[PDB]
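*Asks:* Quick one: this structure, given as structure tokens, is what I'll be asking you about.
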Amino acid sequence: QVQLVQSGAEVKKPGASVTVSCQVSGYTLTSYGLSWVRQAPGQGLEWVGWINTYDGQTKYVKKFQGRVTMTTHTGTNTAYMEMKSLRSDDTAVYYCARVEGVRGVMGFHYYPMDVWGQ
Amino acid sequence: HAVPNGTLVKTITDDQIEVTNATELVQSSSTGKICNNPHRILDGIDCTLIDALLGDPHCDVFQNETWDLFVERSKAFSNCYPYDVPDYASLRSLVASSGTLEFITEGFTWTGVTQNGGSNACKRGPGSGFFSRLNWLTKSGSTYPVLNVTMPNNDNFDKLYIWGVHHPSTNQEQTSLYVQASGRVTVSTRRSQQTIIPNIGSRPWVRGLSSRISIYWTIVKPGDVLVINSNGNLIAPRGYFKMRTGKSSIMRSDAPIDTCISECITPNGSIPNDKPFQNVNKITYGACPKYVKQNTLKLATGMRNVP
Amino acid sequence: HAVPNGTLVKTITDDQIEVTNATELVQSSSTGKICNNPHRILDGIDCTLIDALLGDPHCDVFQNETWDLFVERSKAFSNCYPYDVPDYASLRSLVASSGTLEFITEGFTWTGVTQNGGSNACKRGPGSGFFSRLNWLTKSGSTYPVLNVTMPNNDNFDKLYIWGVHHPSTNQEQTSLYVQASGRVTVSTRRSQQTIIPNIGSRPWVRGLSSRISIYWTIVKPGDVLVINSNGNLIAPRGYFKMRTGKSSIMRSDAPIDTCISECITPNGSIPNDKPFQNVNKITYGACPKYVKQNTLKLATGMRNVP
Amino acid sequence: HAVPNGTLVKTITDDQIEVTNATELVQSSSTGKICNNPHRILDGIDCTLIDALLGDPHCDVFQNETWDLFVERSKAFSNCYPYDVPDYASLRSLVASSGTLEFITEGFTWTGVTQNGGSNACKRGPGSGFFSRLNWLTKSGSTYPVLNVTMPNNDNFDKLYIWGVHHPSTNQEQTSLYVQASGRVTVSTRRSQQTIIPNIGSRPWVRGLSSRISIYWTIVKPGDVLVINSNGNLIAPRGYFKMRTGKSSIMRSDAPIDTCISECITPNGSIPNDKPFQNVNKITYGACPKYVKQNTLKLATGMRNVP
Amino acid sequence: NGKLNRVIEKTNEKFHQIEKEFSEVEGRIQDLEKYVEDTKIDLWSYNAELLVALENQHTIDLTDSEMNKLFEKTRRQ
Amino acid sequence: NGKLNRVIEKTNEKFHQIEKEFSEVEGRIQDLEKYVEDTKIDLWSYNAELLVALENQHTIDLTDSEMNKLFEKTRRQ
Amino acid sequence: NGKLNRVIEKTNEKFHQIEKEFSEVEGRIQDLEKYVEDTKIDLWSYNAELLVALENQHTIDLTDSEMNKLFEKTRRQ
Ligand SMILES: *[C@@H]1O[C@H](CO)[C@@H](O[C@@H]2O[C@H](CO)[C@@H](O[C@@H]3O[C@H](CO[C@H]4O[C@H](CO[C@H]5O[C@H](CO)[C@@H](O)[C@H](O)[C@@H]5O[C@H]5O[C@H](CO)[C@@H](O)[C@H](O)[C@@H]5O)[C@@H](O)[C@H](O[C@H]5O[C@H](CO)[C@@H](O)[C@H](O)[C@@H]5O)[C@@H]4O)[C@@H](O)[C@H](O[C@H]4O[C@H](CO)[C@@H](O)[C@H](O)[C@@H]4O)[C@@H]3O)[C@H](O)[C@H]2NC(C)=O)[C@H](O)[C@H]1NC(C)=O
Ligand SMILES: *[C@@H]1O[C@H](CO)[C@@H](O[C@@H]2O[C@H](CO)[C@@H](O[C@@H]3O[C@H](CO[C@H]4O[C@H](CO)[C@@H](O)[C@H](O)[C@@H]4O)[C@@H](O)[C@H](O[C@H]4O[C@H](CO)[C@@H](O)[C@H](O)[C@@H]4O)[C@@H]3O)[C@H](O)[C@H]2NC(C)=O)[C@H](O)[C@H]1NC(C)=O
Ligand SMILES: *[C@@H]1O[C@H](CO)[C@@H](O[C@@H]2O[C@H](CO)[C@@H](O[C@@H]3O[C@H](CO[C@H]4O[C@H](CO)[C@@H](O)[C@H](O)[C@@H]4O)[C@@H](O)[C@H](O[C@H]4O[C@H](CO)[C@@H](O)[C@H](O)[C@@H]4O)[C@@H]3O)[C@H](O)[C@H]2NC(C)=O)[C@H](O)[C@H]1NC(C)=O
Ligand SMILES: *[C@@H]1O[C@H](CO)[C@@H](O[C@@H]2O[C@H](CO)[C@@H](O[C@@H]3O[C@H](CO[C@H]4O[C@H](CO)[C@@H](O)[C@H](O)[C@@H]4O)[C@@H](O)[C@H](O[C@H]4O[C@H](CO)[C@@H](O)[C@H](O)[C@@H]4O)[C@@H]3O)[C@H](O)[C@H]2NC(C)=O)[C@H](O)[C@H]1NC(C)=O
Ligand SMILES: *[C@@H]1O[C@H](CO)[C@@H](O[C@@H]2O[C@H](CO)[C@@H](O)[C@H](O)[C@H]2NC(C)=O)[C@H](O)[C@H]1NC(C)=O
Ligand SMILES: *[C@@H]1O[C@H](CO)[C@@H](O[C@@H]2O[C@H](CO)[C@@H](O)[C@H](O)[C@H]2NC(C)=O)[C@H](O)[C@H]1NC(C)=O
Ligand SMILES: *[C@@H]1O[C@H](CO)[C@@H](O[C@@H]2O[C@H](CO)[C@@H](O)[C@H](O)[C@H]2NC(C)=O)[C@H](O)[C@H]1NC(C)=O
Ligand SMILES: *[C@@H]1O[C@H](CO)[C@@H](O)[C@H](O)[C@H]1NC(C)=O
Ligand SMILES: *[C@@H]1O[C@H](CO)[C@@H](O)[C@H](O)[C@H]1NC(C)=O
Ligand SMILES: *[C@@H]1O[C@H](CO)[C@@H](O)[C@H](O)[C@H]1NC(C)=O
Ligand SMILES: *[C@@H]1O[C@H](CO)[C@@H](O)[C@H](O)[C@H]1NC(C)=O
Ligand SMILES: *[C@@H]1O[C@H](CO)[C@@H](O)[C@H](O)[C@H]1NC(C)=O
Ligand SMILES: *[C@@H]1O[C@H](CO)[C@@H](O)[C@H](O)[C@H]1NC(C)=O
């Protein structure tokens with residue numbers, strides 16, 4: 001079984017920073033890249049970014065450049081996405097999804113997000 | 001004759017000089033996919049080369065496969081008995097260069113031992129299993145005779161025998177599987193020999209077990225003989241892998257295989273080889289341009305641009 | 001325009017042709033001193049890298065040091081327990097490339113053994129001592145239990161564990177220190193294992209002893225686990241060295257460190273990197289000119305000299 | 001001026017252009033024989049380098065030989081006790097580079113063992129023999145004391161000691177030759193040690209035997225000491241080979257040695273070094289032209305040919 | 001045309017080579033492989049740079065000479 | 001000026017390399033390291049020699065052409 | 001004359017090198033030796049090709065200039 005278990009719900013104040021964590025299980029984190037996808041409540045999915053575990057190279061949307069940072073703690077098979085300078089528009093559900101390609105190619109160009117966190 | 005806009009190139013005596021027309025010499029972009037022609041590509045889904053070699057259950061689809069380039073995905077994992085390959089890189093390199101997993105089953109006469117030993121960590125079908133290309137010999141009844149078997153190489157190709165030594169976790173398990181307190185394995189040929197003394201000790205818990213398998217290989221040249229002499233802790237081979245010579249190789253890349261024509265394959269995909277130099281990757285297969293550090297090299301194809 | 005005296009250069013079609021002004025392209029002389037900027041130089045006085053790593057007493061000044069280039073003097077010597085490092089070059093290379101001796105002490109639970117064993121050949125202070133980064137476990141009372149300890153790597157950096165195996169000289173000493181007649185050491189991780197069978201035999205007299213220490217290392221990647229299983233002759237680690245990646249390296253040179261600015265350091269000292277080629281030494285560190293065999297290469301910087 | 005027929009050369013901007021006179025730059029043919037001057041050639045008839053080193057009977061003519069290039073024929077064979085050299089390539093390389101088989105017999109004091117052991121597979125003269133540069137120590141009477149001997153290196157040249165470990169085929173033979181059930185060998189110096197545990201097991205039948213000899217070497221630097229500590233299965237050295245530094249090397253070639261003058265020797269024979277590039281072979285000895293892949297390279301030595 | 005056919009005869013065809021990416025840290029052999037690959041890459045990068053510079057120099061010299069010659073001849077006619 | 005900036009872009013910056021001096025005799029690996037270093041040194045020495053020769057040739061050709069042109073023009077004036 | 005004396009100073013004198021022919025299959029070290037030798041051979045083949053091309057180019061340019069100059073001077077006389 002491949003599972004992604006995310007942090008608990010966070011309640012913040014505008015201008016603060018939040019950190020959402022994604023704990024993988026059933027596979028090694030460095031084998032798969034990890035995409036982050038947000039969904040404002042009733043506004044459909046919106047792609048946030050992509051962390052390439054095993055080399056740390058990231059790719060965010062221009063809308064989120066600078067104010068979003070993705071890191072991977074390989075020891076605990078955990079991945080963190082922190083958002084600084086929160087706004088009101090950022091209230092949403094955040095999902096970490098597993099993408100296949102880490103070596104040679106950027107995974108999200110050619111592969112889907114087969115496994116999603118809650 | 002002149003043109004409105006021009007390209008800046010570099011010469012012996014000029015950092016930048018404008019010319020009418022200039023071409024690029026460095027191929028710095030890749031299509032992102034691996035063309036499956038003309039090179040016989042083998043996509044290894046969830047299977048490393050060694051796992052397919054040993055006969056990992058979820059790799060049973062790779063039996064008797066051949067390839068011109070084995071693409072080994074980053075998602076590959078092992079789901080069988082926790083093994084360990086001393087000199088892993090050498091074994092992987094020579095297996096990949098051989099270019100075939102063609103396995104010929106040989107008749108080995110193991111007398112007084114229980115063949116086809118299996119484990120619950122390597123589940124084949126619904127029940128316990130093992131590597132398909134290895135044979136776990138355990139004590140039969142209450143004795144474990146000193147196995148001493150032989151196989152002559154009468155064919156004119158190299159034979160590759162993959163065997164292993166079982167390191168148990170606890171002395172009780174050692175004496176329960178092999179009555180000798182501390183056995184050993186010795187696989188020898190006319191020209192060389194190799195002896196292993198299995199050790200007993202707890203190891204990091206992997207897939208429910210603390211025991212391990214150490215995987216060794218032996219290459220029997222034509223006209224040579226293999227002699228396997230063990231008194232415990234032997235993971236015997238079932239046959240031999242037909243070694244070869246060719247243009248085969250292996251590559252670690254997550255690029256998806258695609259239906260097209262291309263000669264040069266890098267981990268970033270297939271790239272055209274029209275240009276003499278490339279900047280995509282330093283790992284290449286096939287007729288590839290020479291890797292260079294520069295991302296651009298302009299070759300002047302026209303006269304000096306004086307507009 | 002012409003000049004009275006000229007310099008002889010060499011072209012495609014001429015062995016020697018005189019020109020007005022010619023420059024040199026090969027830096028063939030060194031200042032003789034090593035500039036201590038901008039590269040963080042570490043002068044190792046009387047201490048080899050491995051000696052500072054293990055914690056040789058007269059190297060206690062090097063604890064928790066970091067460097068961009070470790071200069072290892074030719075006068076260095078060891079003045080502790082006579083040790084021996086199989087694959088010495090690899091360990092030295094990777095320690096030097098890590099670039100830090102930062103040692104984090106971990107809590108190891110050794111039950112039933114006497115820790116902090118020492119010897120008179122390695123005199124710390126006035127009394128007997130040992131390497132500061134190792135722990136000599138001996139029998140406690142009259143028994144030596146099979147040590148089986150573990151440490152998980154929960155941080156996201158590699159850990160380097162340095163351990164050792166004690167080869168005694170005489171069987172009496174073996175049974176006096178470790179009640180087992182012939183113990184062994186096994187340090188293993190999820191991906192690899194390493195087992196050593198200590199031997200008993202007299203060896204060349206070094207610093208008053210015939211026994212030896214064999215120094216081994218194990219690198220625990222993030223998320224991995226270390227398991228140490230021994231029943232005698234174990235020189236346990238006390239903690240781990242924080243591995244890193246950087247531009248660090250090591251050099252053997254007796255040149256004295258000096259207060260100045262220079263980018264290219266050779267064993268003959270710091271040399272300027274204005275010229276593209278150098279003839280001083282083939283061992284270099286930093287932005288150095290490419291080593292060439294020729295001692296002179298004249299570049300013409302003027303017109304042909306016809307006086 | 002022009003000529004009737006011309007040679008086609010290649011330039012930067014022309015695939016083929018005819019010129020009056022053109023020379024060749026690639027030496028693509030060999031005389032087929034190896035000139036025996038000025039390089040001191042040693043023709044090894046039926047003897048490999050290691051066989052002459054150990055003292056194979058049919059190689060007794062090679063004792064105390066020296067060479068600048070050891071030519072090792074493809075017809076060479078071994079006709080003595082079946083041996084095996086772990087790290088064979090390294091030993092062969094360093095022996096060949098040393099450039100001399102000069103063997104100095106040292107006085108070793110083996111007490112309580114029967115020296116000069118021999119076998120029928122290695123027939124010296126009419127009777128059983130052994131390698132001339134090794135000493136097979138067997139039990140004397142009914143005991144085999146733990147040999148512990150030493151030799152200091154008081155000279156200022158390296159000493160090369162060649163020793164070996166005897167692997168018997170059957171436990172009965174083990175206890176008949178060496179009373180210990182399972183002995184070991186340990187050859188050590190101040191800086192390094194090397195221990196071997198002989199194993200007992202049947203091996204492929206070679207020259208009437210199933211037992212083997214494992215050949216190891218130890219280099220004692222000046223001022224160092226050798227200590228040999230064994231309790232069975234020891235093939236002791238008789239002395240040391242005087243190591244050296246020089247321009248010596250080894251080559252595998254069946255070309256016949258000939259009386260002539262030449263500086264560059266390839267396995268295809270001696271070739272002239274007038275031309276800068278050669279295409280004969282990539283294995284060379286002496287002042288040889290640089291190997292290239294092209295079989296022809298035309299250098300224009302005249303003006304463009306317009307007839 | 002391409003003009004490099006004469007200098008680089010073709011793209012040589014390499015199939016099996018050393019490892020150029022390593023996961024763990026081995027020591028001597030890994031350092032040797034890294035050094036060999038880096039040496040090869042530096043030498044080929046330099047060769048490419050020099051070859052491009054030479055080809056550009058000779059091409060511009062040739063075209064400049066042709067332009068000047070044609071200008072002189074047309075002016076004289 | 002220096003004129004070599006175009007051909008050799010800069011002094012590349014190497015930090016950790018193989019051992020190039022050995023005390024004892026190991027065998028295969030030491031010979032491989034010695035061979036690799038010697039190969040690199042020979043190739044770079046040749047490259048340096050050829051580069052200097054080419055630069056000298058082109059510099060003298062250029063200056064000679066300029067001298068001859070200026071002499072002709074001044075003589076004609 | 002030979003004309004290559006300036007570029008290649010002499011035939012360098014190599015005595016002991018790595019093995020370049022192997023009987024069995026070892027693995028990492030054999031592959032490294034094969035790769036090193038192949039790299040050296042490719043680099044030297046390229047260097048030889050480029051050197052020959054450059055020498056041919058400069059020789060033909062020089063002889064062509066001399067022929068043209070002598071034709072013009074003889075025609076003018
Ligand atoms: C073709 O495919 C290849 C293969 O994917 C592509 O190669 C990749 O290309 C990208 C983009 O160009 C590179 O990313 C860039 O990296 C620089 C700096 O990189 C340096 O570190 C790299 C990674 O090091 C980690 O990983 C290696 C290998 O796993 C490991 O050994 C290291 O120790 C280190 O490990 C750490 O991270 C792990 C993962 O989190 C942890 O587990 C571990 O514990 C450590 O914490 C390294 O690869 C790189 O280059 C080395 O290797 C290449 C060979 O690939 C070699 O050529 C070099 O000489 C080096 O030896 C460097 O050492 C980074 O700064 C860049 O960041 C830019 O962008 C960000 C935001 O986007 C900005 O904030 C930055 O300021 C900067 O602008 C960028 O991330 C990637 O390194 C490279 N290689 C790999 C293996 O991915 C190639 O690009 C493709 N080409 C085409 C045309 O498609
Ligand atoms: C020598 O020393 C080593 C190291 O201390 C010992 O190795 C440990 O041995 C114990 C048992 O012998 C192992 O415990 C088992 O761990 C399994 C893995 O658990 C990890 O992963 C799960 C998720 O998969 C996490 O929830 C958990 O926290 C761990 O991170 C467990 O799955 C096992 O559970 C089974 O047994 C327990 C027993 O009560 C049941 O309750 C469960 O339902 C289940 O049936 C078990 O907990 C431990 O993992 C080993 N560690 C390592 C590093 O290998 C040796 O035992 C010791 N040997 C001797 C002779 O002293
Ligand atoms: C197996 O075989 C080996 C080799 O033969 C034996 O090793 C020798 O063991 C003996 C004692 O066991 C060693 O003798 C000791 O040598 C020390 C070093 O001396 C050298 O250096 C000093 C200067 O520092 C010189 O003056 C001297 O000539 C040597 O060159 C001495 O310092 C020791 O002296 C101590 O003991 C003597 C004993 O009477 C006292 O008089 C002294 O005051 C002092 O307390 C001692 O002489 C010898 O060095 C070992 N040789 C090697 C090469 O290691 C093994 O013992 C043997 N083992 C078995 C089981 O048989
Ligand atoms: C463990 O297992 C191994 C492998 O099975 C056994 O090794 C074999 O041992 C037997 C005897 O112990 C060996 O038999 C001997 O073979 C010699 C070689 O024969 C080959 O070459 C000749 C030509 O030279 C051919 O004609 C022949 O067909 C073979 O190809 C023979 O020369 C020997 O003959 C001598 O003994 C016989 C015995 O009757 C006499 O008749 C003869 O006149 C002569 O005196 C003998 O036949 C066999 O070669 C071994 N095989 C290998 C591969 O090594 C181990 O014995 C076994 N050990 C244990 C403890 O079980
Ligand atoms: C510069 O030269 C290139 C090389 O031929 C020209 O590119 C080609 O242009 C033709 C136009 O007839 C196309 O059919 C080819 O497909 C082009 N090839 C490539 C590789 O691009 C380019 O047009 C020239 N530019 C100028 C301004 O003359
Ligand atoms: C040849 O050229 C060199 C390079 O510039 C000259 O050396 C410099 O000369 C100036 C004189 O104004 C000094 O200030 C610089 O410090 C010199 N630099 C170096 C690196 O030496 C040299 O003078 C020239 N020689 C002739 C005869 O013209
Ligand atoms: C082209 O040049 C070569 C090089 O000198 C000439 O070959 C030599 O010719 C002379 C004739 O006087 C002989 O004595 C030499 O032995 C020749 N040397 C070699 C290496 O062949 C050749 O004759 C010239 N050809 C033409 C047509 O001029
Ligand atoms: C072509 O010339 C135009 C102006 O004439 C300029 O803006 C442009 O950058 C040049 N290059 C291309 C590719 O359009
Ligand atoms: C593989 O091929 C061999 C002979 O080529 C054959 O004996 C064997 O049955 C084959 N195995 C499978 C699974 O096809
Ligand atoms: C300069 O010219 C003088 C003679 O005019 C000569 O003696 C000297 O060697 C030349 N070079 C230098 C550096 O003085
Ligand atoms: C070295 O540093 C570690 C942590 O960085 C610290 O725990 C330790 O006490 C330090 N040791 C010394 C001698 O400063
Ligand atoms: C020389 O010219 C003749 C014809 O004049 C031609 O047949 C021949 O091939 C040319 N070359 C040689 C080496 O004779
Ligand atoms: C070989 O030379 C050594 C000394 O150089 C000498 O003692 C020995 O007797 C010689 N052996 C033979 C066979 O000449």
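How things are named: the first chain in the structure tokens is A, the next is B, and so on; residues count from 1 in each chain; ligands count from 1 in the order shown.
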I'd like the contact shell of segment 56-63 of chain F - 8 Å cut-off, only C-alpha atoms, skipping same-chain residues fewer than 5 positions apart - returned as a list in words.
*Replies:*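 So the residues in contact are residues 9, 10, 11, 12, 13, 299, 300, 301, 302, 303 and 304 of chain C.
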*Asks:* Write the selection just made, keeping N, CA, C and O atoms, as a CSV table (one decimal), in the first residue's frame?
*Replies:*
chain,number,residue,atom,x,y,z
C,9,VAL,N,60.0,33.7,-30.8
C,9,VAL,CA,58.8,32.9,-30.5
C,9,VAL,C,58.8,31.8,-31.6
C,9,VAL,O,59.6,31.7,-32.5
C,10,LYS,N,57.8,30.9,-31.5
C,10,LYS,CA,57.6,29.8,-32.4
C,10,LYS,C,56.2,29.8,-33.0
C,10,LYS,O,55.2,30.0,-32.2
C,11,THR,N,56.1,29.6,-34.3
C,11,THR,CA,54.8,29.5,-34.9
C,11,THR,C,54.6,28.2,-35.6
C,11,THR,O,55.3,27.2,-35.4
C,12,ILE,N,53.5,28.1,-36.4
C,12,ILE,CA,53.2,26.9,-37.2
C,12,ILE,C,54.4,26.6,-38.1
C,12,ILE,O,54.8,25.5,-38.3
C,13,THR,N,54.9,27.6,-38.8
C,13,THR,CA,55.9,27.4,-39.9
C,13,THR,C,57.3,27.9,-39.5
C,13,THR,O,58.1,28.1,-40.4
C,299,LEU,N,54.3,34.0,-26.3
C,299,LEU,CA,53.2,34.5,-27.1
C,299,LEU,C,53.7,35.8,-27.7
C,299,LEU,O,54.0,36.7,-26.9
C,300,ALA,N,53.6,35.9,-29.0
C,300,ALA,CA,54.0,37.2,-29.7
C,300,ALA,C,53.0,38.2,-29.4
C,300,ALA,O,51.8,38.0,-29.6
C,301,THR,N,53.4,39.4,-28.9
C,301,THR,CA,52.6,40.5,-28.7
C,301,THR,C,53.0,41.7,-29.5
C,301,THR,O,52.7,42.9,-29.1
C,302,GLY,N,53.7,41.5,-30.6
C,302,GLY,CA,54.1,42.6,-31.4
C,302,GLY,C,54.3,42.1,-32.8
C,302,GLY,O,54.1,41.0,-33.2
C,303,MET,N,54.8,43.1,-33.7
C,303,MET,CA,55.1,42.8,-35.1
C,303,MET,C,56.5,42.1,-35.2
C,303,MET,O,57.3,42.2,-34.3
C,304,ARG,N,56.7,41.5,-36.4
C,304,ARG,CA,57.9,40.9,-36.7
C,304,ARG,C,59.1,41.9,-36.6
C,304,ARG,O,58.9,43.1,-37.1
*Asks:* Find the residues in chain E near chain D: any atom within 9 Å counts, using only C-alpha atoms. Write them as a PyMOL selection string.
*Replies:* chain E and resi 3-7+55+58-59
*Asks:* Could you work out which residues of chain F fall inside 8 Å of chain E? Count only C-alpha atoms, and format the result as a PyMOL selection string.
*Replies:* chain F and resi 7-8+17-18+33+36+40+44
*Asks:* Using N, CA and C atoms, can you export the residues from the last selection as a JSON list (two decimals), in the first residue's frame?
*Replies:*
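Final output, result.json:
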[["chain", "number", "residue", "atom", "x", "y", "z"],
["F", 7, "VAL", "N", 39.84, 31.72, -26.38],
["F", 7, "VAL", "CA", 40.08, 30.29, -26.55],
["F", 7, "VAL", "C", 39.93, 29.56, -25.23],
["F", 8, "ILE", "N", 40.66, 29.99, -24.21],
["F", 8, "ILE", "CA", 40.48, 29.48, -22.85],
["F", 8, "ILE", "C", 39.67, 30.52, -22.11],
["F", 17, "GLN", "N", 40.74, 16.18, -6.33],
["F", 17, "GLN", "CA", 41.15, 15.32, -7.42],
["F", 17, "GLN", "C", 41.78, 14.04, -6.90],
["F", 18, "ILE", "N", 42.29, 13.21, -7.80],
["F", 18, "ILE", "CA", 42.91, 11.95, -7.43],
["F", 18, "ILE", "C", 44.25, 12.22, -6.78],
["F", 33, "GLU", "N", 45.81, 5.41, -12.02],
["F", 33, "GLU", "CA", 45.86, 6.83, -11.68],
["F", 33, "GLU", "C", 47.05, 7.50, -12.34],
["F", 36, "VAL", "N", 46.24, 7.92, -16.05],
["F", 36, "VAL", "CA", 45.26, 8.97, -16.31],
["F", 36, "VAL", "C", 45.92, 10.34, -16.20],
["F", 40, "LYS", "N", 46.43, 13.07, -19.25],
["F", 40, "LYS", "CA", 45.91, 14.42, -19.17],
["F", 40, "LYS", "C", 47.01, 15.44, -19.38],
["F", 44, "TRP", "N", 47.17, 18.15, -22.45],
["F", 44, "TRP", "CA", 47.15, 19.59, -22.20],
["F", 44, "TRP", "C", 48.44, 20.26, -22.65]]
*Asks:* Any residue with an atom at most 7 Å from ligand 6 counts, using only C-alpha atoms and all ligand atoms. Which are they? Put them as a list in words.
*Replies:*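 Counting only what the definition allows, namely only C-alpha atoms and all ligand atoms, the set is residues 20, 21, 22, 23 and 301 of chain C.
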*Asks:* Quick one: residues within 7 Å of ligand 9, with only C-alpha atoms and all ligand atoms, as a CSV table (one decimal) with N, CA, C and O atoms, in the first residue's frame?
*Replies:*
chain,number,residue,atom,x,y,z
B,63,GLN,N,11.7,-12.5,-17.7
B,63,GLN,CA,12.5,-13.7,-18.0
B,63,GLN,C,12.8,-13.8,-19.5
B,63,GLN,O,12.0,-13.5,-20.3
B,64,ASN,N,14.1,-14.2,-19.7
B,64,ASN,CA,14.6,-14.5,-21.1
B,64,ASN,C,14.5,-13.2,-21.9
B,64,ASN,O,14.4,-13.3,-23.2
B,102,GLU,N,18.8,-14.5,-20.8
B,102,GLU,CA,18.5,-15.9,-21.2
B,102,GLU,C,19.1,-16.9,-20.2
B,102,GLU,O,20.3,-17.0,-20.1
B,103,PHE,N,18.2,-17.6,-19.6
B,103,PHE,CA,18.6,-18.5,-18.5
B,103,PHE,C,18.4,-19.9,-18.9
B,103,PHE,O,17.3,-20.3,-19.2
B,104,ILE,N,19.4,-20.8,-18.9
B,104,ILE,CA,19.4,-22.2,-19.2
B,104,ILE,C,19.4,-23.0,-17.9
B,104,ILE,O,20.4,-22.9,-17.2
B,105,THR,N,18.3,-23.7,-17.7
B,105,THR,CA,18.3,-24.5,-16.5
B,105,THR,C,19.1,-25.8,-16.6
B,105,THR,O,19.0,-26.5,-17.6
*Asks:* Excluding residue 24 of chain B and any residue of its chain fewer than 4 positions from it, enumerate the residues within 8 Å of it, using only C-alpha atoms, and give them as a ChimeraX atom specification.
*Replies:* /B:275,296-299
*Asks:* Could you list, as a PyMOL selection string, all the residues within 12 Å of ligand 12, counting only C-alpha atoms and all ligand atoms?
*Replies:* chain D and resi 3-8+20-22+307
*Asks:* May I ask you to extract the residues of chain D within 10 Å of chain B, using only C-alpha atoms, and to give them as an MDAnalysis selection string?
*Replies:* chainID D and resid 82:86 198:206 210 212 214
*Asks:* Leaving out residue 116 of chain A and any residue of its chain fewer than 6 positions from it, which residues lie within 12 Å of it when counting only C-alpha atoms, given as a PyMOL selection string?
*Replies:* chain A and resi 2-6+22-25+34-38+94-99
